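One structure is given below, encoded as structure tokens.
Neighbour counts run over all protein chains shown; Cβ positions are idealised from the backbone, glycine included. Quick note: the coordinates plus some simple rules give every number you see, no bench work behind them.
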Amino acid sequence: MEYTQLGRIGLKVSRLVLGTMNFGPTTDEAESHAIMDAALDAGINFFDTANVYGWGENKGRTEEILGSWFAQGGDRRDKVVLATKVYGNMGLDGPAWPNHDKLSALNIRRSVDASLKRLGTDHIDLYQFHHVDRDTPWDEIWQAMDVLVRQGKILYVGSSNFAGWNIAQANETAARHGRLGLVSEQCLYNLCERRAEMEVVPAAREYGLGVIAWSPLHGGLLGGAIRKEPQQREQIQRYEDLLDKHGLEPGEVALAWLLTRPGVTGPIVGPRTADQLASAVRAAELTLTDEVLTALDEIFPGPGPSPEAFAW
Amino acid sequence: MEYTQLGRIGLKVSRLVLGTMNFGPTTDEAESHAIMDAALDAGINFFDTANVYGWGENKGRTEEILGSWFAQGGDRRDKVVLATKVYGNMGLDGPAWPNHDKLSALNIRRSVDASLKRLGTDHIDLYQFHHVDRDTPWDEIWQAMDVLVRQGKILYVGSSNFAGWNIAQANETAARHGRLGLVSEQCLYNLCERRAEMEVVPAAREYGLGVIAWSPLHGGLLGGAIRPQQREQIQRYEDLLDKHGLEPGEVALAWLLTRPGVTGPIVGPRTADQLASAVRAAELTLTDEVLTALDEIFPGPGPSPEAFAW
Amino acid sequence: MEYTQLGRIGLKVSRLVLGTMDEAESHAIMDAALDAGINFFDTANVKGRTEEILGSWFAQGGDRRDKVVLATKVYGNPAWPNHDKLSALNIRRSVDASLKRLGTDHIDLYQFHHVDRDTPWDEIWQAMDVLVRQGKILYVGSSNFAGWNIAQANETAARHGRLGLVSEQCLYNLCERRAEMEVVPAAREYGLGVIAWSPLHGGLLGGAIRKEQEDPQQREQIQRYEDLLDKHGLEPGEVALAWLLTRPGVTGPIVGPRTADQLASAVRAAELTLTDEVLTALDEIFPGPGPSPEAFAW
Amino acid sequence: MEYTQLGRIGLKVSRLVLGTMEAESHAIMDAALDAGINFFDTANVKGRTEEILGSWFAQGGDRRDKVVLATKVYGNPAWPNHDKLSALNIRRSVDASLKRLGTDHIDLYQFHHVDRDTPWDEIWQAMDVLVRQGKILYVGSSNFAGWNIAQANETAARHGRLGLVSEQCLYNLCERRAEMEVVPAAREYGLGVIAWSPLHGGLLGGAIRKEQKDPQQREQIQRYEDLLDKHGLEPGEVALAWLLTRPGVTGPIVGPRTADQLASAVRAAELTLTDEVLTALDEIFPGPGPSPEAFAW
Amino acid sequence: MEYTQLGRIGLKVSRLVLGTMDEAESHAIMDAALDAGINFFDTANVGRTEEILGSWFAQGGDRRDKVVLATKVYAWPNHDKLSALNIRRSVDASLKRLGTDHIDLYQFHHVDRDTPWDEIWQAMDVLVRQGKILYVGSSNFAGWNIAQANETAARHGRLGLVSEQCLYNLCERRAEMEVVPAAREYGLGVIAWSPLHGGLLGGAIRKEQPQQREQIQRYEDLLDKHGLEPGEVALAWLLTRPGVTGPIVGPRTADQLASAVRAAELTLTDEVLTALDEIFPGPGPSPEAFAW
Ligand SMILES: CC[C@H]1OC(=O)C[C@@H](O)[C@H](C)[C@@H](O[C@@H]2O[C@H](C)[C@@H](O[C@H]3C[C@@](C)(O)[C@@H](O)[C@H](C)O3)[C@H](N(C)C)[C@H]2O)[C@@H](CC=O)C[C@@H](C)C(=O)/C=C/C(C)=C\[C@@H]1CO[C@@H]1O[C@H](C)[C@@H](O)[C@@H](OC)[C@H]1OC
Ligand SMILES: CC[C@H]1OC(=O)C[C@@H](O)[C@H](C)[C@@H](O[C@@H]2O[C@H](C)[C@@H](O[C@H]3C[C@@](C)(O)[C@@H](O)[C@H](C)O3)[C@H](N(C)C)[C@H]2O)[C@@H](CC=O)C[C@@H](C)C(=O)/C=C\C(C)=C\[C@@H]1CO[C@@H]1O[C@H](C)[C@@H](O)[C@@H](OC)[C@H]1OC
Ligand SMILES: CC[C@H]1OC(=O)C[C@@H](O)[C@H](C)[C@@H](O[C@@H]2O[C@H](C)[C@@H](O[C@H]3C[C@@](C)(O)[C@@H](O)[C@H](C)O3)[C@H](N(C)C)[C@H]2O)[C@@H](CC=O)C[C@@H](C)C(=O)/C=C\C(C)=C\[C@@H]1CO[C@@H]1O[C@H](C)[C@@H](O)[C@@H](OC)[C@H]1OC
Ligand SMILES: CC[C@H]1OC(=O)C[C@@H](O)[C@H](C)[C@@H](O[C@@H]2O[C@H](C)[C@@H](O[C@H]3C[C@@](C)(O)[C@@H](O)[C@H](C)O3)[C@H](N(C)C)[C@H]2O)[C@@H](CC=O)C[C@@H](C)C(=O)/C=C\C(C)=C\[C@@H]1CO[C@@H]1O[C@H](C)[C@@H](O)[C@@H](OC)[C@H]1OC
Ligand SMILES: CC[C@H]1OC(=O)C[C@@H](O)[C@H](C)[C@@H](O[C@@H]2O[C@H](C)[C@@H](O[C@H]3C[C@@](C)(O)[C@@H](O)[C@H](C)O3)[C@H](N(C)C)[C@H]2O)[C@@H](CC=O)C[C@@H](C)C(=O)/C=C\C(C)=C\[C@@H]1CO[C@@H]1O[C@H](C)[C@@H](O)[C@@H](OC)[C@H]1OC
């Protein structure tokens, strides 16, 4: 297992991030636990979850499954860098009661308290915004997060689905008064969707955030979606054909590709079974030749950074 | 129900603020709870109280009435933005024991501890100065408030009965050391009394404070004389509202909801009927003719310096 | 002559400020204002031509420049964009024009003519700091601000080491006391000198009814004022000025004497002691609103 | 003429920016003055253009006093430090610009492009030297990313300095990707947005009828020209007028070579587009939306 | 010619830095250095030197505009060291001797432990703000002097040291303990003075015909097996070192220039690098260098 610093900070994490969104809705508790043990066994120390995982009327269930996993002891809590999120509506799906979603200090307080109860732990290592909230100013957000820091309830703060300028504004605001800023950004990033390269990833790299790629196979579409059974199909076909030609698995290459991108800490890997985890772990050891990198780049061009992306 | 951001911050509030001053002194606990459930049903999430509500020897009773409401469960606490106040004498009415009113860190400590006990909760969402205290510096006040923020005992700080320059001084002082300053001013504003517009509301807007109008009916006066220079003015008002078939109480509220910078008025119902009426005032549109008429009868000063100079 | 600190700063000024309004006639009161010990000269009308007349005054030598605290103002007054108001652009052009007309290399107190709510204080303080570091200006003052504008301005200045506004020139007199609600409280809090403009309310407090004989309610008021002073042996124009010199935070009124007789009258106004009984009755005739928020709430 | 604040600052500008893209230049600049345009930029829609402004100002008649003068860093294989935004390159470019313009100050000095190799403490040192000498009033950007505006202005504010007051970016019906992050950031930080190539190099200027490329781009332009035929609207005027409806936009740079093109740009600033016309332009020329919603959710 | 950012700043310099050791022949070698694409001129020895540069710019032809001009500071009290007093008199004399209105890189000649940084940055900021100096650099500092200096400048918004000139070559590698780590952390370019250790790595044992001589012998003998010139290799070695901007070279002739230029084009094999590292061990970073 390859390890790296999470951006500029002192925290070392596995290049694979274990996603947990399947634990609860699709994978049962006992199997989720076996996967998490398997993940530790493979050297994966970075586990990602969210208050809202579990979905609909079972929001919170995933956090509860990690809580029962820690409760078995055996140094599980101690070995893991635990990440969860705040922003989402935790009540009935649909329009939220005011201040029961988004990033007011009010929603942060109630969300973190509920997450700590479900996770059965006194601290979260990486507390992440699920999304930018353009209505909440950073002096409010940093007040909320600093209260939790100083109480020992969280260590690090991270972002998810931010724009590049939000990352800059957050970290400049934090730095003004000596606070550690965002340490990581979780953006949608994969061969199909490369527009994070325009500004989100450049900002992250400037400010020393780790970059965590969610949906690394683009919902499945890069995992061998055509062999399984618009003009997007021609790309995918050319993709599989190129990987047939070279003997490589689609699912594994989508992950290995992300590992070659500048600034990228690693992909979120969201296995349903211990078999799919072991595949992810192979993808991490895989080495991709400069020839196959050119090919994928030709099939899946990236925008490049702004302003060059749309101007010069 | 129309919602809005409280000034520049991420908190979203109903444009009606439920005032609780009647809960205890005139409306009773059981009925107060009735009204507060109806306010939730109406989409009102913003509840305003104060330690001194109750009046006389019953000061504190409103806070307790809120406390027993939260104790019923059903996510009542979790659904409200709870706001209370510090400054007032909580002992026997008349001259205060020193440091038992006003805004010394000493009075702030003892006031918040008693409010949290009565309210039956571990935190207040919005803790408001009831009035400006010009004898207490902002480095002292913000120390006291910052202690409460970091302990998780309050989230936001607001003001009430400030001058505009007090708003600027407070928030400039907070911003110097990276603190969130005042998020709202609760000022006396209505058709009769519009001198908040000279400097209070301009200042609040510059600094991104919510503006919450208290005494939106000027203590009943804008409610009815059906039941000397000023009698004449109110007469002209009630006659205008007879012409258009509009309730006086509803227009005074809806008018404040047209003012630039105004979050909304504090509505203080004695009864569930008075509440449903406030909700109706929130739904009212006022024609440009009615707005222009009210402005003639009840002129505003406009901003300083233009208000008295040019 | 009574002298005072201009607010919190180290500059000492006369409690009479010499405002404005022939050339050698102006030079003569100015020399006379000096001999009377008035050191604080302001180009505010009680623009371009007045500066030139000060300019020719200084050009005569005799330590005239060295002896005076020279205050001027952004020119102001349908204008071409940026030829009014307080952009860094307008400030640059107004100051350079003023220095050329005043025929001096520095202005002691450079003042804003009016609040401009479209220009942020980091822009304004940039423009002023350029001039301070070049030595073209010493102190910065306001005119026709709100209390909160004074607060914003001095807080912004103080964040980066800068001296803020040292003075505010506002309309303040027996007739118009609404400066007392917030402007003068803000000024007092931040250590600004308050310079009272139109101290006689455009002449209304200088004995305008007795000068008429040679609005219903306001006339009743002036009439009750002239009669109170008749009763007390006191010149109205002098009492208007003396009243202001009793008010908390007031540096002094602007006066525009054109003769030894008018200068001597302002000087006697500054030496005048109004009795508690006079002050009590003036307060009754011309009530102030008190500070906000007590002024309109409690 | 419609006037606006340049972003958050107190400087008032016309919503048309005269891109000076000698004798026929001088003529059009006087007509722009008389039309109430006070905002003159040396951005091409550099070298000679500045000299042409300099001889304009040397004619006198309060011309320098009446204009907001904006220029740019020159830019350009370059000799080291004769391109980009080192303090060394800024000194030499401004000194040469002041010489050519025959003026002792520039009102708005702009970066020509983001330089990723120069830290903002270096850039702000260079600009603060000039501001404190009086050679420059305001600073602006061109061809920046959203995060570069944020970084610039946070760095400036930290030590009390006025940051960027304006960004010049490529923005028109055809190219709307500035809306992802550049314009959002400019709006957050209170920069004026100045739209260069507002007709996308003539292409929105009725380019298919002046024939009297890619198949899909031509299809798009065709519907545009047909929509405006239907409504009786000049395509050149509409491209400009659409930019004036966009949140955050101060205005477009125009390079009128004739009284006719000037008068046209002036009419565009007075034109009101109906909601139906706005809906239809939007359908033909869709914007990406703000990031992250533009590519995520 | 190879170019690099000077540390973290936006200034681009040649990886060879032209130092100095009559008049029209200095002028001619400077012209030749431009033609080879060297833009970085330093008055440091590898008064009169500044005057020679002055007459060079006085010829015109965009000579001043094409070069990054670096000079340095420098006993009667305050006529040495880094007092605001000596800085002022030294820079005034430099600008006159150099016949220019600005210096691109103004460098301290040595650490002065008796002057605080608030006094030094006052003096530098005055000059930066009058336009007389762009960038500030150090020479012969400790690592902690670099940290203190740049932390002090950052406090009040000011650009700190952009470069350190230290004694660094195969023979003297102790700058690697802390000076070069500090410079790397703070984003200073590292300029290697005496890159040939006074000519000891320039083929000295051949030129003549204790246990230091043993070292130089294994060096010269290794460079015979590979068909490499010692002069060139000591330069190329430094160019492979982390944090190094480049060496100060003082060519007097077109012939030595061309040697310097070749040494910047040269690529040493990992075999050669490994062998140089064996003959000339470095201490590593503190605290590992002396503890663990
Ligand atoms: C002590 C001496 C007397 O008292 C005064 O002379 C005080 C008056 O000057 C007040 C303030 C005036 O009222 C003021 O008139 C100004 C023109 C307004 O100023 C305006 C214009 C502005 C530019 O100044 C601006 O800044 C400001 C905000 O608005 C101002 N405003 C605040 C509204 C307003 O208070 C007048 C209007 C005319 O002058 C109001 C009327 C009803 C009046 O005569 C009242 C008299 C009273 C109560 C007492 C006695 C005599 O009153 C006697 O009281 C005894 C008990 C009996 O003898 C009585 O007889 C039966 C009676 O005799 C007459
Ligand atoms: C390996 C070389 C091949 O090159 C490619 O396969 C590259 C293509 O995949 C490009 C990028 C596609 O064009 C992309 O189509 C996506 C659906 C869009 O993505 C969408 C969806 C989104 C979610 O991704 C979003 O983020 C994005 C912004 O918009 C995307 N956009 C950035 C606009 C757009 O570039 C396709 C559209 C369909 O697939 C465009 C068509 C006209 C095309 O074939 C063009 C050129 C070339 C030279 C093809 C050769 C084949 O030619 C021959 O193919 C043989 C198989 C080889 O062996 C060679 O023969 C020896 C070779 O010869 C040259
Ligand atoms: C729109 C219809 C009428 O207009 C109004 O009714 C407006 C009035 O309400 C004004 C403002 C009042 O004057 C206010 O009296 C308040 C008690 C003061 O409030 C006090 C107390 C406070 C608590 O509010 C405090 O906050 C404040 C600062 O001070 C307040 N102050 C700001 C000074 C002061 O403006 C009244 C006093 C009594 O109401 C003054 C009297 C002499 C008056 O009527 C004068 C002029 C005009 C032009 C009247 C028209 C025409 O009247 C007729 O209207 C018909 C519709 C037409 O067809 C015409 O008929 C022919 C026309 O007649 C020509
Ligand atoms: C007004 C309604 C019409 O809708 C439009 O005309 C919308 C089109 O203009 C879209 C956006 C174009 O697609 C764009 O093609 C550009 C070349 C790309 O731009 C490029 C270049 C760039 C420089 O812009 C760059 O910045 C950008 C990122 O990529 C751009 N990209 C953002 C991906 C891409 O959206 C076209 C391709 C060319 O015109 C795509 C094709 C398949 C298409 O027609 C699809 C759907 C519809 C529903 C058309 C109707 C016609 O149908 C009927 O047409 C009648 C005339 C109407 O009146 C209606 O009748 C009622 C209507 O019926 C509903
Ligand atoms: C490739 C392998 C070769 O390895 C070297 O040649 C490495 C040597 O250069 C080391 C480092 C020297 O030791 C250094 O001697 C300098 C004068 C000191 O420098 C001084 C002065 C300063 C100014 O530099 C200062 O900065 C510094 C701190 O202190 C320095 N210091 C760090 C203390 C000190 O390490 C020598 C002294 C002379 O050269 C010390 C003695 C005990 C010695 O001969 C040891 C080993 C040898 C001979 C190994 C062979 C060569 O010898 C044969 O080479 C053949 C090619 C092969 O067959 C080999 O087979 C393995 C072998 O055979 C026997």
Kindly indicate the residue of the range C:91-120 that is more than 22 Å from the chain's Cα centre (by Cα) and closer than 19 Å to B:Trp310 by Cβ and also nearest to the other protein chains (Cβ to nearest Cβ) among those meeting that condition. C:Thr119
Among the residues of the range C:1-30, write down those that are part of a strand (DSSP E or B) and among the hydrophobic types (A, V, I, L, M, F, W, C). C:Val13, C:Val17, C:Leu18
Do the conditions hold for A:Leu243, that is, is it more than 14 Å from chain D (Cβ to nearest Cβ), under 27 Å from A:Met1 (Cβ atoms) and more than 16 Å from ligand 4 (Cβ to nearest atom)? yes
Take C:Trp197 and tell me if it is within 13 Å of another protein chain (Cβ to nearest Cβ), in contact with a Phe, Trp or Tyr (Cβ under 6 Å, 6 or more places away or on another chain) and of a type in the set (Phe, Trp, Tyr). no
Within the range E:155-177, restricting attention to residues that are over 13 Å from E:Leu188 (Cβ atoms) and in a helix (DSSP H, G or I), which residue is nearest to ligand 5 (Cβ to nearest atom)? E:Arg174
Which condition breaks for C:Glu123 when tested against (1) within 7 Å of another protein chain (Cβ to nearest Cβ); (2) assigned to a helix (DSSP H, G or I); (3) within 21 Å of the chain's Cα centre (by Cα)? (3)
Would you please name the residue that is farthest from ligand 5 (Cβ to nearest atom), looking only at residues in the range B:179-200 that are part of a helix (DSSP H, G or I) and buried (at least 24 other Cβ atoms within 10 Å of the Cβ)? B:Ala196
Cross-chain or 6+ apart pairs with Cβ under 7 Å, the range B:228-244 first and more than 17 Å from B:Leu217 (Cα to Cα), then more than 16 Å from ligand 2 (Cβ to nearest atom): B:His244/B:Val290
Answer with yes or no whether D:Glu237 is away from every other protein chain (no Cβ under 14 Å) and within 16 Å of ligand 4 (Cβ to nearest atom). no
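Look through the range E:213-244, keep the residues that are among the β-branched types (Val, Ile, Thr) and assigned to a helix (DSSP H, G or I), and return whichever of them is nearest to ligand 3 (Cβ to nearest atom).
The residue in question is E:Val233.
Answer with yes or no whether D:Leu243 is away from ligand 2 (no atom under 16 Å from the Cβ), touching a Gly at 6+ places or on another chain (Cβ under 9 Å), within 30 Å of D:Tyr189 (Cβ to Cβ) and not β-branched (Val, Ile, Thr).
yes
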When you check D:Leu191 against the structure, is it away from ligand 4 (no atom under 16 Å from the Cβ), within 13 Å of another protein chain (Cβ to nearest Cβ) and over 17 Å from the mean Cα position of the chain (by Cα), yes or no? no
Six or more apart or on different chains, Cβ under 6 Å: which pairs go from a residue in the range D:280-291 that's closer than 21 Å to D:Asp226 by Cβ and more than 16 Å from ligand 5 (Cβ to nearest atom) to one that's assigned to a helix (DSSP H, G or I) and among the aliphatic types (A, V, I, L, M)? Could you list them? D:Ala280/D:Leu227
Return the total of residues in the range A:213-232 being more than 13 Å from chain D (Cβ to nearest Cβ), away from ligand 4 (no atom under 16 Å from the Cβ) and at negative phi. 10
I'm trying to understand the selection: among the residues of the range D:141-182, which are among the basic types (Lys, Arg) and within 14 Å of chain E (Cβ to nearest Cβ)? D:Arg158, D:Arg161
Members of the range E:137-154 found to be part of a loop (DSSP other than H, G, I, E, B) and in contact with a strand residue (DSSP E or B) (Cβ under 7 Å, 6 or more places away or on another chain), listed by number: E:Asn140, E:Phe141
Among the residues of the range C:269-289, count how many are more than 16 Å from ligand 3 (Cβ to nearest atom), of a type outside the set (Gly, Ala, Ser) and surrounded by 13 or more Cβ atoms within 10 Å (Cβ to Cβ). 7
Yes or no: the range A:284-303 includes at least one residue that is within 16 Å of ligand 4 (Cβ to nearest atom) and assigned to a helix (DSSP H, G or I). no
So E:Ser259, is it away from ligand 5 (no atom under 16 Å from the Cβ) and assigned to a strand (DSSP E or B): no
Considering only the range D:44-68, state which residues are surrounded by fewer than 22 Cβ atoms within 10 Å (Cβ to Cβ) and of a type in the set (A, V, I, L, M). D:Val45, D:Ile52, D:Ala58
